[PDB]
Amino acid sequence: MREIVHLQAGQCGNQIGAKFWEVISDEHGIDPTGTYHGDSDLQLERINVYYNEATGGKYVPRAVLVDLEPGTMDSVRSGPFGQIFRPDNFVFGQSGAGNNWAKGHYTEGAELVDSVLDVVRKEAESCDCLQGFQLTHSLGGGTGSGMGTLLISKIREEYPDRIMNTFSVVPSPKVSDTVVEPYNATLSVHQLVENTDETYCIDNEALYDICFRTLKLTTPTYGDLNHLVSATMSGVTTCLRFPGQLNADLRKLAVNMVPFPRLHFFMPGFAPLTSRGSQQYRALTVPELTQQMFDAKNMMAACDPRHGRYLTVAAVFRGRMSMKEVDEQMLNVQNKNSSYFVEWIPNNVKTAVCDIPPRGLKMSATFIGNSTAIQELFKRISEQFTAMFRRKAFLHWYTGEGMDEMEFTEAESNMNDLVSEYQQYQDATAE
Amino acid sequence: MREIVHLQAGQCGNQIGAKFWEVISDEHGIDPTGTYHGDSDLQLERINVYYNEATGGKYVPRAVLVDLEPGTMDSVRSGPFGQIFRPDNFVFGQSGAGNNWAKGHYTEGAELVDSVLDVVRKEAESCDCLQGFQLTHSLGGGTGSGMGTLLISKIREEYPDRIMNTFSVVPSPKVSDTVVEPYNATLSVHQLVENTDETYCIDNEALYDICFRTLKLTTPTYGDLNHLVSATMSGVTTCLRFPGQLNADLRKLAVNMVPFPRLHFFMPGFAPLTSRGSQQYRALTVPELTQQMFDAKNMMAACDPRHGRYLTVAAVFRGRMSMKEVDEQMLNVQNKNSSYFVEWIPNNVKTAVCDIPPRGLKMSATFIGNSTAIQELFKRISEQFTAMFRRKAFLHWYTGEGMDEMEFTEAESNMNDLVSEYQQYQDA
Amino acid sequence: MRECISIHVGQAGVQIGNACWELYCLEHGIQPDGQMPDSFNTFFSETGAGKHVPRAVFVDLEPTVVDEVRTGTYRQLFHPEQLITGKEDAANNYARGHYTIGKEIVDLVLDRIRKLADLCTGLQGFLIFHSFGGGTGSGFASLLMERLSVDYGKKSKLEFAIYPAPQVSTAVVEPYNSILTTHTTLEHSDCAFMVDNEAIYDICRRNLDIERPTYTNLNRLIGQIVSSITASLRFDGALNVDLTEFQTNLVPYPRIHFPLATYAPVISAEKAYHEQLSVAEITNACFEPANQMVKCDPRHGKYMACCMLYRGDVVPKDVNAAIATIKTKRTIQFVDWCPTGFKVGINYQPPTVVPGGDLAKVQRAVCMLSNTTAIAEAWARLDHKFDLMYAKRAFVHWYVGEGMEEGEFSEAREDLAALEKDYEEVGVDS
Amino acid sequence: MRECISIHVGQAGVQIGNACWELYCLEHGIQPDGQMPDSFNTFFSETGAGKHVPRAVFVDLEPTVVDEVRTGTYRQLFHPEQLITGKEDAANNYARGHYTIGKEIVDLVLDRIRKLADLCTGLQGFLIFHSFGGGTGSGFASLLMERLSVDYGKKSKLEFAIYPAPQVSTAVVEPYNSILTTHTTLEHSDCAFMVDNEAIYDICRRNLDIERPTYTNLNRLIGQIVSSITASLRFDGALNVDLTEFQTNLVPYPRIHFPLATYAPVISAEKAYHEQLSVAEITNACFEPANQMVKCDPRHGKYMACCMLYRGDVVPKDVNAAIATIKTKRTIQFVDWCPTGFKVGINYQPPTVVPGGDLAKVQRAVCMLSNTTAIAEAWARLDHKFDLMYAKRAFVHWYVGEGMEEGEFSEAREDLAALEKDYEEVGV
Amino acid sequence: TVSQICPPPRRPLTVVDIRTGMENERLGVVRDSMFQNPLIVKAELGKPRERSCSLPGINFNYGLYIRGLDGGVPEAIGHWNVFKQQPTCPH
Ligand SMILES: Nc1nc2c(ncn2[C@@H]2O[C@H](COP(=O)(O)OP(=O)(O)OP(=O)(O)O)[C@@H](O)[C@H]2O)c(=O)[nH]1
Ligand SMILES: Nc1nc2c(ncn2[C@@H]2O[C@H](COP(=O)(O)OP(=O)(O)OP(=O)(O)O)[C@@H](O)[C@H]2O)c(=O)[nH]1
Ligand SMILES: Nc1nc2c(ncn2[C@@H]2O[C@H](COP(=O)(O)OP(=O)(O)O)[C@@H](O)[C@H]2O)c(=O)[nH]1
Ligand SMILES: Nc1nc2c(ncn2[C@@H]2O[C@H](COP(=O)(O)OP(=O)(O)O)[C@@H](O)[C@H]2O)c(=O)[nH]1
Ligand SMILES: [Mg+2]
Ligand SMILES: [Mg+2]
């Protein structure tokens, strides 16, 4: 009908998918045995987007958990919702990439892409009408940042029409845990720009800033950041999963969202971030939601939107409200922040409403923005990568895999062209 | 009516058939004493197909057991359903062939073929209307790969119209336990091409792989391998012993997947094979069976139909379902994998359905496929056979039996002819 | 049913047969009288009094080696006339045991062989134990089995015999016997298990910790290997292998019937307490050059045929798992004309152990019988040392004095030169 | 599953392995017999009756050093054949352990690992300890890396070694061994962790208040460091770091693979009672030049890469803050081409404490692997010392008498000279 | 290792066991640790060296033993697991 299959690449994307399946299992009322104990018919009217039916009324996620290291799968099984996943779905190698992009993409990834592809083809051929795939991974590792791009290219050739989104985690320079991280990001971004319908850029530093200031959590584990990101995807797909007064879905967002095929990198936003001072009630309106939305503190990107021009903005509302004040607030911010929006595109905001509130809450809203700010990240990655690459530092690990030196050059050329046309689209002039 | 005699040759054949008669007795509700304690009336309506009636509601198997070595007879006698048989049907020699093909076919086989044929003739004339015979044997032995070919030649001239069936076991290149194994096979397959309606290539190595991968067995024994074979050959006659949604038997199939008389080499399959961990998940459904119908890890053969074209496919289904999706999973799987099916034969697939599911199970089926991939197995054996024959190695044992030298040359010529036309039918 | 008769020749065969028929009786549970307090029907036969008598003939030209068995713990177990003795021995002379002293008791020994063969219904084969060194074990052993070939053309005759060690030696005129014995084991033998004593010393000192072993310890290991080959005959198994099938899958040409035996795991329980003993481990021990029973290097000669005899708590899958590794080993070589060179044997019951013995019990075991072309270098070593004694005619007068024509000394040497050159033909790969 | 095989070389390796494997046994719960009363699977292998044999080889050339362990408390725990001995040693002669005495026992060591490699399914890395002073610990250690490199082409090998102290020395002819060993640790290794005793001498006195420590007091610190490296592999953590991961973010050029370790907090019970510890304080001590266990000042050089292994009750929030403070410090410098020089690792299980040991139980710890250019000057004192030995030909007749040609001495010095200039290329 | 096998696990030798006449019998002062210690244990005639550390029961040491709780293919293929849901207690 409209089914989504989830690729779960790397340790970061592995935990991301785990927590996502947990939170939407809560949303759809699925016990960790895999049956149903909920109350409403809208809770299971449209589950089969993400779940597959099994005898005795069992439901299983449509996920493939792929990794080059079998250590993470043990933690996945030891987790709470560990037995809900299909035993044949996990695909793992025996030797990891060691955070080496060439090793992940070419050396060891060729040994596992066959089983990844055949499992994913089984899952795609199980459903009648597939909408698209969702891939969760980071750009700083060896497996998710590596062979994940190989999967992307292979399934791009196999299914061109089905949509493709990547909930990609981008490394930060201010806090980084990997030295070859610029090399992995450089050789992954070239794959991402060529083969991706849409990309969501998640910054762990931004999540840490949010939990420090907006939420004021004393002890942020990775569970909190993952819960935020899982709420982000839940807000993306809640319009698809449940009826709303104004319905939409991923294709609705993407077609209206993407002005040119080169540009598909987007910054998400999640409105009801309440600390203990704001844990009083949800007695709030679309004004308060929008003010919390449009502050760049509440953003989870690595690039201030005020430093660029907002190309396009999209907002999806979870819960039941009236569209009048919603439209008034969107027109309000559009007329207020005139310079931050592009002139050649009137009415830069796309709006959607899903009547069903998120579980454990009664108001929520998500936002997907394409702005000129994202060009600040690619240039900074380029500054790190050029310093890394000028003295051939840390290059023997890549060259021993059997790859040539021109690949880094063409990758950085692709990014330089991308940021150049990005600057041109910023400084579009006249009419 | 429609009777089958279960001729049994060699230690491989004797054990495989022994596990059979345990399995099919359970499906008909027969104790090791021999009586009928079954509940449903349909459990005892067509038992005369495989069983001759005995006193007190007893059903002696219609099987005759042949082996040069009497040691295996004591083993099957001491088995669970050991006393079920008739010791008037054990016909055995005193000296084995020692895995020598020439010893069985000429030297020691001529002394025991008469007594085997006498028992077979007694069973052949016992029932009014035979459907045919059934042989289980291995191609890497001295008895099953030896006199078993000789018994086939004598029977074919005796009963030409009757369908004979052989679920032969083909030696594996990766796993082999006999050095003279290429010599026995190359001289036995020449008996197969001349006189055989239908042959199946069951390989022990793929039995090992399924137990390693599908069933996830830590310690699978040889009983597990035969029990799987006990499921597979039982499904080809379930439409025979039992009424079905669409009825079938051996003849309705055997006419359908034999385009030319030379090619009767196939790859059997079995539907509901999972390990215990997989049982908790999944849904009971026929699409899962169809995914297991043409499943990669399903079939028994030591060859891969990526590398050839499927000439014909047959699928007999066990259990009560609806007809529709069975013909649609049929239809779609033809459409997408179009190159892998031959173009000169429209509707390459054939199906049958039997209403009664297997004991303890709700759903099952059996896979019957003719593909070009079975030629992968033959040119492997010639690679082993030619190297051994180029230096006349291991030749004096066969030469000591009085046989010539030209019999090797004509046998390999027939296989070289056989794979030549088999390759020709791929590129047509 | 399947039966085997013992024709143990020489002092070595008598001592080994003492060790063997011990291991045989405690394997089934036969009391020293010979009464059970039909797996025995391969090695024991009933009488009117319900007593089980071994199918053995212990024959010697000296009485004392058999006399201690007559005074041993098993005096009443054995049939006294099967214990055949002689007044005077060959005294380490091949010619004395072949033409002068052997012929006196030829009729009595063969008539005993006839009577024991008349007891059996279907005879599978004969097992013969002797040595290439002693005069009784070489000359007299040659003549009886020349005559046994014409009495029983089709009956199998395996040859397990003791090889003069490459360095240590008990006698000096041993190689004259060895060169003059090796012709009979060619035209009248089905398989040869030539082993040297010196190989047992090294494995007893390393694996079993025995720094001071004696022939009781050597003979127990020999009996275990003989217990291993006949185990499938005595007991059931998943893949029961008789003598005939493994006979066929070792002998590519009638001239080559010299496989090398190997047993595993042979490990003292001091080592076996903390050691993991698996199927994949033990077959690697069978392939060990230091664990080989013949003092040659396995890497020098590629393999044509191998026999695997697993025994105990074993499964085919780990056997399949074991063998698949052994083919993926580069430096281990096989001949070009044998792509598959194995004969897998599986049994149920694990081997038994004797009290006061050496071997730690193991739930699983494996015997390896490998026909390789590396063994022929040991014959070449024999051919050198026979050359530098025959050139100046040392000790020749003893053999000539018995009535032996000196040209046979030459012809026996040309037999081995032709025999070794045939092993080289197998080593040539097209 | 993960595996690390221990190839302890020399008397230093025997006593270090005594400290390590004791700490390893208490870390899992292994009794001295070797029975649990699979985190252990990276260091122990299961055996028959439920014992866990340590996956180590103890090798030496003088018998008595291992003989104490054979009579030690863990005598039944280890494998006697894993304990490899020798009749005669090199006596601080590199040539003797490389060409005369080592070649008798080259094969024996390679047969023991043959046993071990069969036990392992996927081996993660190769852990070797030796020293640069002793003859057996240098020459024999050199040849095994020669043979291991061609046997294990793709495998990872780490180089824990004792670098001879700048001021104090237990030998006179040691720099000849040290100079001739640089060729192996440059071309036959992946990561090298030269530590001198003299700096550990200062740290034990200065911080742990123990005025009279023994060789065992240094060894427990070494075992704690190695325990910190593998703690990610043994047990789960928020950021589990494999050997391949930090090998990647440590080696800018194939020649530069000599990081400097750093462990903290190392404090007595009396001192830790009045000192509350946090993340900010423990990392700050790790960049103190007084706590470096290599007699060099990183303030005299520039960092290129730093791997960072937390352990205990640590939170990533405090991790990011601690890195933020350190990056904002002119005293701590970095090379111009490495804007981000960190490799963050987090474990859950705190380090354990040995009974009768030195370290007090602290809820959190910190391990640092700093690759700086300041380690280069430590070699610069060796060539000076080596030059004033070789110019007048001191002790040369001992090496030449073994059969080693005098031209390699000049080459090895020229090799070490080339390493120093390559360190200067990074410094620019 | 004491629990292994009902007969006592094989043990280091004792001075009562040294009896009279074996090769490890010498005068002076005798302590059990001298014969126990492998460095000054004296080897015997055609016997394995006694164990310096107590070794398990002779009846069963075993290299590796496992029967497997797979369930058996007859049971698995007949009784394919039909889904069973637990009847939870009242709440
Ligand atoms: N392994 C082993 N070999 C033995 C034993 N007894 C004798 N031999 C071998 O037999 C060779 C000599 O022959 P013997 O067995 O002593 O005596 P024989 O075979 O009767 O021949 P004669 O000495 O002429 O009577 C010696 O070289 C030994 O190697 C034994 O108990 N164990
Ligand atoms: N840190 C530390 N170093 C040790 C220890 N034992 C030996 N060493 C070092 O090892 C060097 C001498 O070599 P040894 O370990 O004693 O013995 P070896 O490695 O076999 O070399 P040879 O004595 O020549 O056979 C000395 O210079 C010490 O620095 C130890 O327990 N701790
Ligand atoms: N936001 C977030 N990032 C994570 C989490 N776990 C790991 N990461 C990131 O993932 C990176 C390491 O991923 P890695 O294990 O190398 O991925 P792989 O090589 O593809 O398997 C680190 O830089 C972390 O920042 C998490 O729970 N949340
Ligand atoms: N699949 C299977 N193969 C068997 C069985 N028993 C024996 N074999 C195979 O048969 C071969 C030996 O057959 P053999 O006993 O010589 O047959 P015979 O000469 O006809 O009596 C071996 O390669 C075994 O792999 C069995 O029960 N199942
Ligand atoms: Mg004698
Ligand atoms: Mg030393």
# chains A, B, ... in the order shown; residues from 1 in each chain; ligands from 1
call {"tool": "closest_atom_pairs", "arguments": {"of": "chain B", "to": "chain A", "cutoff": "10 Å", "atoms": "only C-alpha atoms", "output": "Markdown table"}}
result
| residue | atom | partner | partner_atom | distance |
| --- | --- | --- | --- | --- |
| B:277 | CA | A:87 | CA | 7.6 |
| B:278 | CA | A:87 | CA | 6.9 |
| B:280 | CA | A:55 | CA | 8.9 |
| B:281 | CA | A:54 | CA | 6.3 |
| B:282 | CA | A:54 | CA | 4.9 |
| B:283 | CA | A:54 | CA | 4.1 |
| B:284 | CA | A:55 | CA | 5.9 |
| B:285 | CA | A:55 | CA | 8.6 |
| B:287 | CA | A:126 | CA | 9.4 |
| B:288 | CA | A:126 | CA | 9.9 |
| B:291 | CA | A:122 | CA | 9.4 |
call {"tool": "residues_around", "arguments": {"residues": "stretch 141-145 of chain B", "least_positions_apart": "4", "cutoff": "7 Å", "atoms": "only C-alpha atoms", "output": "ChimeraX atom specification"}}
result
/B:9-10,13,67-68,97-101,104,137,149,184,188
call {"tool": "write_last_selection", "arguments": {"atoms": "N, CA and C atoms", "output": "JSON list (two decimals), in the first residue's frame"}}
result
[["chain", "number", "residue", "atom", "x", "y", "z"],
["B", 9, "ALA", "N", 18.40, -51.51, -2.21],
["B", 9, "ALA", "CA", 19.73, -51.99, -2.56],
["B", 9, "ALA", "C", 20.80, -51.18, -1.85],
["B", 10, "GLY", "N", 21.77, -51.88, -1.25],
["B", 10, "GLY", "CA", 22.93, -51.24, -0.67],
["B", 10, "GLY", "C", 22.67, -50.70, 0.73],
["B", 13, "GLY", "N", 20.88, -47.51, 0.51],
["B", 13, "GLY", "CA", 19.48, -47.77, 0.20],
["B", 13, "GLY", "C", 18.74, -48.45, 1.34],
["B", 67, "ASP", "N", 21.47, -56.59, -0.43],
["B", 67, "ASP", "CA", 22.80, -56.13, -0.07],
["B", 67, "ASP", "C", 23.74, -57.32, -0.06],
["B", 68, "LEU", "N", 24.96, -57.10, -0.57],
["B", 68, "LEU", "CA", 25.95, -58.17, -0.59],
["B", 68, "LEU", "C", 26.45, -58.51, 0.80],
["B", 97, "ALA", "N", 31.12, -56.33, -2.33],
["B", 97, "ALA", "CA", 31.85, -55.89, -3.51],
["B", 97, "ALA", "C", 33.07, -55.05, -3.18],
["B", 98, "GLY", "N", 33.18, -54.56, -1.95],
["B", 98, "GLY", "CA", 34.30, -53.71, -1.58],
["B", 98, "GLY", "C", 34.38, -52.43, -2.37],
["B", 99, "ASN", "N", 33.23, -51.79, -2.61],
["B", 99, "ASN", "CA", 33.11, -50.57, -3.41],
["B", 99, "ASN", "C", 33.66, -50.73, -4.82],
["B", 100, "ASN", "N", 33.70, -51.96, -5.33],
["B", 100, "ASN", "CA", 34.16, -52.22, -6.69],
["B", 100, "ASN", "C", 32.95, -52.43, -7.58],
["B", 101, "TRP", "N", 32.81, -51.58, -8.60],
["B", 101, "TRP", "CA", 31.64, -51.63, -9.48],
["B", 101, "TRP", "C", 31.63, -52.91, -10.30],
["B", 104, "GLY", "N", 30.38, -56.18, -8.40],
["B", 104, "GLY", "CA", 28.94, -56.30, -8.25],
["B", 104, "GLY", "C", 28.22, -56.60, -9.56],
["B", 137, "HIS", "N", 19.18, -46.07, -3.87],
["B", 137, "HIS", "CA", 20.54, -46.57, -3.94],
["B", 137, "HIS", "C", 21.48, -45.38, -4.04],
["B", 149, "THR", "N", 22.04, -51.54, -10.81],
["B", 149, "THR", "CA", 21.93, -51.32, -12.24],
["B", 149, "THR", "C", 21.55, -52.61, -12.97],
["B", 184, "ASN", "N", 32.92, -45.99, -10.28],
["B", 184, "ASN", "CA", 31.62, -46.63, -10.12],
["B", 184, "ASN", "C", 30.51, -45.78, -10.72],
["B", 188, "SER", "N", 27.87, -46.59, -13.87],
["B", 188, "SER", "CA", 26.49, -46.77, -13.41],
["B", 188, "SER", "C", 25.52, -45.82, -14.08]]
call {"tool": "residues_near_ligand", "arguments": {"ligand": "ligand 2", "cutoff": "6 Å", "atoms": "only C-alpha atoms and all ligand atoms", "output": "tab-separated table (two decimals) with N, CA and C atoms, in the first residue's frame"}}
result
chain	number	residue	atom	x	y	z
D	10	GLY	N	60.93	-13.21	26.65
D	10	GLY	CA	61.96	-12.90	27.62
D	10	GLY	C	61.50	-13.01	29.06
D	11	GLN	N	62.46	-12.77	29.96
D	11	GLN	CA	62.16	-12.76	31.38
D	11	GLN	C	61.16	-11.66	31.73
D	12	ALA	N	61.27	-10.51	31.06
D	12	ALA	CA	60.31	-9.44	31.26
D	12	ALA	C	58.91	-9.88	30.87
D	15	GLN	N	57.39	-12.32	33.62
D	15	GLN	CA	56.94	-11.70	34.85
D	15	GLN	C	55.78	-10.74	34.60
D	60	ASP	N	61.15	-18.33	26.54
D	60	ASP	CA	62.40	-17.82	27.07
D	60	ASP	C	63.52	-18.75	26.64
D	61	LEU	N	64.75	-18.36	26.97
D	61	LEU	CA	65.92	-19.15	26.64
D	61	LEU	C	66.70	-19.61	27.86
D	89	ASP	N	70.78	-19.26	26.88
D	89	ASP	CA	70.30	-17.94	26.48
D	89	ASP	C	71.36	-17.19	25.68
D	90	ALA	N	70.99	-15.99	25.24
D	90	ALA	CA	71.88	-15.15	24.46
D	90	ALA	C	72.82	-14.32	25.32
D	91	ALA	N	72.45	-14.07	26.58
D	91	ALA	CA	73.24	-13.27	27.52
D	91	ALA	C	73.54	-11.88	26.94
D	92	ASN	N	72.46	-11.16	26.64
D	92	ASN	CA	72.52	-9.80	26.10
D	92	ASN	C	73.34	-9.73	24.81
D	131	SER	N	61.67	-6.80	25.65
D	131	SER	CA	62.48	-5.67	26.08
D	131	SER	C	63.55	-5.42	25.03
D	133	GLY	N	66.69	-4.58	25.98
D	133	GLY	CA	67.98	-4.80	26.59
D	133	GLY	C	68.51	-6.22	26.48
D	134	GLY	N	67.68	-7.20	26.85
D	134	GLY	CA	68.15	-8.57	26.89
D	134	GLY	C	68.34	-9.15	25.50
D	135	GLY	N	69.23	-10.15	25.42
D	135	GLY	CA	69.53	-10.76	24.14
D	135	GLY	C	68.37	-11.57	23.59
D	136	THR	N	67.78	-12.43	24.42
D	136	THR	CA	66.63	-13.22	23.99
D	136	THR	C	65.43	-12.33	23.70
D	137	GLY	N	65.25	-11.29	24.51
D	137	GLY	CA	64.12	-10.39	24.32
D	137	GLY	C	64.24	-9.46	23.13
D	162	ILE	N	60.02	-2.82	26.70
D	162	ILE	CA	60.75	-2.05	27.69
D	162	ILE	C	61.89	-1.35	26.97
D	170	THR	N	70.54	-1.69	33.42
D	170	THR	CA	70.88	-3.00	33.95
D	170	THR	C	71.83	-3.76	33.03
D	197	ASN	N	61.59	1.85	32.44
D	197	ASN	CA	61.29	1.62	33.85
D	197	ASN	C	61.48	2.89	34.67
D	215	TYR	N	59.89	-5.29	41.14
D	215	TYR	CA	59.53	-5.42	39.73
D	215	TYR	C	58.05	-5.70	39.56
D	219	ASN	N	54.92	-4.04	37.16
D	219	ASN	CA	54.22	-4.93	36.24
D	219	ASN	C	52.71	-4.80	36.39
call {"tool": "select_by_dssp", "arguments": {"residues": "stretch 131-358 of chain D", "states": "alpha helix (DSSP H)", "output": "PyMOL selection string"}}
result
chain D and resi 141-151+174-187+197-208+215-234+243-248+269-273+279-286+316-327
call {"tool": "residues_around", "arguments": {"residues": "stretch 331-337 of chain C", "least_positions_apart": "4", "cutoff": "7 Å", "atoms": "only C-alpha atoms", "output": "count of residues only"}}
result
7
call {"tool": "closest_atom_pairs", "arguments": {"of": "chain D", "to": "chain C", "cutoff": "12 Å", "atoms": "only C-alpha atoms", "output": "CSV"}}
result
residue,atom,partner,partner_atom,distance
D:33,CA,C:274,CA,9.8
D:34,CA,C:274,CA,9.1
D:35,CA,C:274,CA,10.6
D:45,CA,C:276,CA,8.9
D:46,CA,C:276,CA,7.4
D:47,CA,C:276,CA,4.4
D:48,CA,C:276,CA,5.1
D:49,CA,C:274,CA,7.6
D:50,CA,C:274,CA,8.7
D:51,CA,C:274,CA,6.6
D:52,CA,C:274,CA,8.3
D:53,CA,C:274,CA,7.3
D:54,CA,C:274,CA,10.9
D:75,CA,C:274,CA,11.5
D:76,CA,C:274,CA,8.2
D:77,CA,C:274,CA,8.1
D:78,CA,C:274,CA,8.5
D:79,CA,C:274,CA,7.4
D:80,CA,C:271,CA,8.2
D:81,CA,C:271,CA,8.9
D:82,CA,C:275,CA,11.4
D:111,CA,C:288,CA,10.7
D:114,CA,C:284,CA,10.2
D:115,CA,C:281,CA,8.4
D:116,CA,C:281,CA,10.8
D:117,CA,C:281,CA,11.3
D:118,CA,C:281,CA,7.8
D:119,CA,C:281,CA,9.0
call {"tool": "residues_near_ligand", "arguments": {"ligand": "ligand 3", "cutoff": "7 Å", "atoms": "only C-alpha atoms and all ligand atoms", "output": "PyMOL selection string"}}
result
(chain A and resi 9-12+15-16+67-69+97-99+137-138+140-146+169+171+176-178+204+222-223+225-226) or (chain D and resi 239)
call {"tool": "write_last_selection", "arguments": {"atoms": "C-alpha atoms", "output": "tab-separated table (two decimals), in the first residue's frame"}}
result
chain	number	residue	atom	x	y	z
A	9	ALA	CA	23.81	0.85	9.18
A	10	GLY	CA	26.57	1.18	11.76
A	11	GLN	CA	26.58	1.29	15.54
A	12	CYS	CA	25.12	4.81	15.61
A	15	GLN	CA	21.07	2.19	18.19
A	16	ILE	CA	19.07	4.84	16.30
A	67	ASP	CA	26.99	-4.06	10.60
A	68	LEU	CA	30.57	-5.20	10.03
A	69	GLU	CA	31.00	-5.95	13.75
A	97	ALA	CA	36.28	-1.53	8.79
A	98	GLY	CA	38.17	0.09	11.67
A	99	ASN	CA	36.58	3.44	10.74
A	137	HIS	CA	23.66	5.87	9.73
A	138	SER	CA	26.45	8.29	10.61
A	140	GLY	CA	32.03	9.33	10.83
A	141	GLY	CA	32.35	5.54	10.97
A	142	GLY	CA	33.63	2.77	8.76
A	143	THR	CA	30.55	0.61	8.22
A	144	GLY	CA	27.62	3.02	8.13
A	145	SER	CA	29.68	5.73	6.43
A	146	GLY	CA	31.19	3.03	4.19
A	169	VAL	CA	24.61	11.93	11.36
A	171	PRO	CA	30.57	14.68	12.31
A	176	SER	CA	35.03	14.81	17.17
A	177	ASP	CA	36.05	11.29	18.17
A	178	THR	CA	37.77	10.31	14.90
A	204	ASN	CA	25.39	15.23	17.95
A	222	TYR	CA	22.94	8.55	24.25
A	223	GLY	CA	19.41	7.33	24.94
A	225	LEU	CA	19.72	12.04	21.95
A	226	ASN	CA	18.39	8.91	20.27
D	239	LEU	CA	31.71	3.75	22.72
call {"tool": "residues_around", "arguments": {"residues": "residue D:216", "least_positions_apart": "6", "cutoff": "9 Å", "atoms": "only C-alpha atoms", "output": "list in words"}}
result
residues 15, 16, 18, 19 and 357 of chain D
call {"tool": "residues_around", "arguments": {"residues": "residue E:45", "least_positions_apart": "4", "cutoff": "9 Å", "atoms": "only C-alpha atoms", "output": "NGL selection string"}}
result
(:C and (210-214)) or (:E and (22-23))
call {"tool": "residues_around", "arguments": {"residues": "residue A:113", "least_positions_apart": "2", "cutoff": "12 Å", "atoms": "only C-alpha atoms", "output": "PyMOL selection string"}}
result
chain A and resi 9+66-68+91-93+104-111+115-121+143+146-155
call {"tool": "residues_near_ligand", "arguments": {"ligand": "ligand 1", "cutoff": "9 Å", "atoms": "only C-alpha atoms and all ligand atoms", "output": "MDAnalysis selection string"}}
result
chainID C and resid 9:16 59:62 65 88:94 96:97 130:141 162:165 169:171 174 196:198 200 214:219 222
call {"tool": "interface_residues", "arguments": {"of": "chain E", "to": "chain D", "cutoff": "12 Å", "atoms": "only C-alpha atoms", "output": "ChimeraX atom specification"}}
result
/E:1-5,33-34,36-40,51-57,60-66
call {"tool": "closest_atom_pairs", "arguments": {"of": "chain A", "to": "chain D", "cutoff": "8 Å", "atoms": "only C-alpha atoms", "output": "CSV"}}
result
residue,atom,partner,partner_atom,distance
A:75,CA,D:236,CA,7.9
A:94,CA,D:122,CA,7.4
A:96,CA,D:244,CA,7.9
A:97,CA,D:244,CA,7.7
A:98,CA,D:245,CA,4.2
A:99,CA,D:245,CA,5.8
A:100,CA,D:248,CA,7.3
A:173,CA,D:340,CA,6.7
A:174,CA,D:340,CA,7.9
A:175,CA,D:320,CA,6.7
A:176,CA,D:340,CA,6.4
A:177,CA,D:343,CA,4.5
A:178,CA,D:343,CA,5.3
A:179,CA,D:249,CA,5.3
A:180,CA,D:249,CA,6.3
A:208,CA,D:317,CA,7.7
A:219,CA,D:317,CA,7.0
A:220,CA,D:317,CA,6.5
A:221,CA,D:315,CA,7.2
A:222,CA,D:238,CA,7.9
A:384,CA,D:339,CA,6.7
A:387,CA,D:337,CA,4.8
A:388,CA,D:337,CA,5.4
A:391,CA,D:337,CA,8.0
A:393,CA,D:252,CA,5.1
A:394,CA,D:252,CA,4.4
A:395,CA,D:252,CA,7.6
A:396,CA,D:253,CA,6.9
A:397,CA,D:248,CA,7.6
